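Structure 1 and structure 2 below are two forms of the same protein chain, each written out on its own as structure tokens.
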Structure 1
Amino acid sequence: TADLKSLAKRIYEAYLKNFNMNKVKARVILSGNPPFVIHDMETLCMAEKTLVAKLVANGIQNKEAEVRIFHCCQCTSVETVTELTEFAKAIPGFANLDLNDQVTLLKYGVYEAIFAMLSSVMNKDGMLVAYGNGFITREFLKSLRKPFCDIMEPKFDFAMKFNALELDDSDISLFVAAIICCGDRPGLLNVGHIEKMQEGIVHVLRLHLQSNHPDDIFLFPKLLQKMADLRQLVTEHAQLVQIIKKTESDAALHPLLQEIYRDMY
């Protein structure tokens, strides 16, 4: 229907406006200011001097490479949280929710959305970083000292299967909106209204996938399962972050992310 197709287009346009990275932009870069390839410590350190110069301007006081990398991971998440917060305003009913419910939905949804969207910048060999200006290899990330080598690999595993679904930005935008609209998040004040907001977005997602992916009759339930898989990926990620927090004193957690993780798992 015109209203439902228009809603899907709205959410797609809001996604293109609000996220610095989209799947088309990522694919243009990945196909070959080209991205600097980070595949070892030499190339990490060269990339840092150009792309995150302040982080390595401290001489012998610079942090360990793994800690610098984790800091850059967190800065990326902080920026994506800001983008997701603006995007959520395009979702029918979201801005009409109580301010506290908006906070709760974003708190529990952002990392699920982050890992879903991260797939768009990942291939089997590595991922784009730093606003598309670096490509860091999967093998380099696996080579880091424990526990830091354990951060990205499960996200690559998720992404390879997610990317095999061959979603486009029009699908991913609605999937991210659906992640944000979960009525079963803890602490919600108006569950009923959130459930109806969820039902509306999920209806739009179902119809859109039927229209955009006529070849895959299971795509909607596949994506419902991916949402559950993302919840488990995030719980596991939070457990690893808590290990880092307890055992890696140099790996300072950004305060916005500390609040997101607080009282989550």
Structure 2
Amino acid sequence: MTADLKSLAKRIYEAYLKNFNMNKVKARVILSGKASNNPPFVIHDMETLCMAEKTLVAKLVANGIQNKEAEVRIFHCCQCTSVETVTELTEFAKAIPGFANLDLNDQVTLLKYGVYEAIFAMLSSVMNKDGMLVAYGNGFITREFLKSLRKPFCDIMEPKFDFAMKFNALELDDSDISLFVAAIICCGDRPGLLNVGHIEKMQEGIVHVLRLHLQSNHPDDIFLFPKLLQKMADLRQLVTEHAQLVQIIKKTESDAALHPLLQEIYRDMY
């Protein structure tokens, strides 16, 4: 692995640290409890949900969400976080060499299909087997509380926890995750791409650095790179199933609303 490949990896890592407000080293510090005796607030039932929502009152009242069903309020807040992460992913993509040179239409296409694969990959960093951090690591919503919601809402996050537990067993660090997210965005087989050749060359460059990076950083996990190739396939299927659930909610839940940036992404997706 030559100095040029090491540089590209370190620059992708910098762009990741500079654009994402949360990362795995921070999340594991919080989840471990070994750097402070003041843990995040735990949302584990309706009462502690409502207590947390006293802090979030301005976010809820902003869009007149405060009197909706609990399930709708929870996933309103979750959507707001997805919008933030899409916005960050867009800045991160612009820092990937060659991405900003692409046809603007292709940039939209890559982000349209790539952002949720990257979202659920990175979401794994803030998850453990019992719940997930929220509000920039300041809260922790339990997996069992989410499972206790009424259908369909109880079925939204559990498959993401299932994915995250196996993904986290790979013990990736942020230097790995930054290249993995770049590999997810720079994908040559998204529908509707206009310059598939230019993109495939970008994809090859990133996947090559990703492979050599993993062989250097995890020399004892010999087939980590093929494992991660499978995880990219798994994420595509996870997002397909997620988008089908978003469609069910739209058709069955009249009191729930979809943020307009997320409308654009989901419209005509799969």
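Here, rigid core means the biggest group of C-alpha atoms that superpose within 1.5 Å across both forms. Residue 1 is the first residue of structure 1, and the numbers go on in sequence order from there. Residues that one form lacks are left out of the comparison.
Fit the rigid core and compare the CA positions between structures 1 and 2: of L51, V202, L233, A26, just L51 moves by 2 angstroms or more. Aligning the rigid core between structures 1 and 2 leaves the CA of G132 offset by 1.3 Å.
Once the rigid core is matched between structures 1 and 2, the CA atom of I60 is found 10.5 Å away.
On the core-superposed pair, the CA position of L141 changes by 0.3 Å between structures 1 and 2. Segments displaced between structures 1 and 2 are 51-54, 56-61 (runs of at least 3 consecutive residues, each Cα moved 2 Å or more after rigid core superposition).
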